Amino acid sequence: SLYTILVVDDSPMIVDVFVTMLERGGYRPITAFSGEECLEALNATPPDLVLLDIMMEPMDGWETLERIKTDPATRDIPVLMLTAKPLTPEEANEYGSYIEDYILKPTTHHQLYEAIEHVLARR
């Protein structure tokens, strides 16, 4: 593989879709489903880059990012935020030194399942 990528999102659908995308390109994906798990993964299997969901609970992506970037063992790992909408100018500004960019999450699965169910399920 070339480059290890930690994928952090609370949706196992989103995580699996990113895993497929990364694997086809020979990136090595590792996964986490919460910010708490993300931090454990950074300590155990440090990646070359993190993809980090903004939402999530009980710790969100921004709060997780603060812990990543404050803990001196992990601060130099680049982070791309995973978002449902573009970052506001205020967010891009404030977090500029902490993040490299953002990636909009795919929504396709919602439209895909809805369309298939509408056709094939008993109405």
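Start at 1 with the first residue shown and count on from there.
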Check: Which has higher Cα B-factors on average according to the PDB entry: 4-12 or 114-122?
Finding: 114-122
Check: Mean C-alpha B-factor higher for 17-25, or for 98-106?
Finding: 98-106
Next item on the list: Name the one of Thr31, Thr83, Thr45, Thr64 with the greatest CA B-factor according to the PDB entry.
Entry: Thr45
Checklist line | Out of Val79, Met56, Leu87, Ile68, residue topping the C-alpha B-factor column of the entry | finding: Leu87
Notebook entry, point to check: For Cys38, does the deposited CA B-factor place it in the lowest, middle or highest third of the chain?
Noted result: lowest
Check: Taking the C-alpha B-factors as the PDB entry records them, is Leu49 in the lowest, middle or highest third of its chain?
Finding: middle
